[PDB]
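Below sits a lone chain in structure tokens, taken as the form deposited in one PDB entry.
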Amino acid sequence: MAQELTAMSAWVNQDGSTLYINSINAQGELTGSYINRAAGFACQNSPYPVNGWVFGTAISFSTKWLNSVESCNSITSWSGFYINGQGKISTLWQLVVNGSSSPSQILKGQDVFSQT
């Protein structure tokens, strides 16, 4: 029924962006890819590498916005947890931009990812 938090699981947020979880190793270290689809924003439609951690239903993942096609000069990190007939990951994220000088410049928000 509901999708679980596993290796090879995909999750789509309220902007249409997808986290593709690839591996979760014996220690819970995560690899994957992220495709941003937030309308009006840059760094869309191409895969960005992700790393992070899973601990039971807790998860962190982070992406650097640089790949072979486009840079957005920043890094986003999500912290969240799995909840469940639809599996979801509820998160709070922080975005830090290269060249920042003040903590006030770190952007924050909430994403809820739903199973594919």
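Residues that one form lacks are left out of the comparison. For the two forms, the rigid core is made up of the largest set of C-alpha atoms that agree within 1.5 Å on superposition. The numbering used is simple: start at 1 and walk along the sequence shown.
Another form, the form deposited with a small molecule bound, is not on view; read the next lines as being about it.
Is there a non-hydrogen atom of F41 within 4.5 angstroms of a non-hydrogen atom of the small molecule in the deposited complex?
Yes.
Going by a heavy atom distance of 4.5 Å, is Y82 a contact of the small molecule in the deposited complex?
Result no; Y82 lies far from the small molecule in the deposited complex.
Is it the case that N36, even though its partner is missing from this view, gets within 4.5 Å of the small molecule in the deposited complex, heavy atoms only?
Close contact exists here: in the deposited complex, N36 approaches the small molecule to within 4.5 Å, heavy atoms only.
Residue-level question: is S62 within 4.5 Å of the small molecule in the deposited complex, judged on heavy atoms?
Output for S62 is no: heavy atoms all beyond 4.5 Å of the small molecule.
When you overlay the rigid core, is the Cα of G40 off by 2 Å or more between the shown form and the other one?
Where the cores coincide, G40 still shows a C-alpha shift between the shown form and the other one that is 2 Å or more.
Which segments, of 3 or more consecutive residues, undergo C-alpha shifts of no less than 2 angstroms between the shown form and the other one following superposition on the core?
Only this run moves by 2 Å or more: 39-41.
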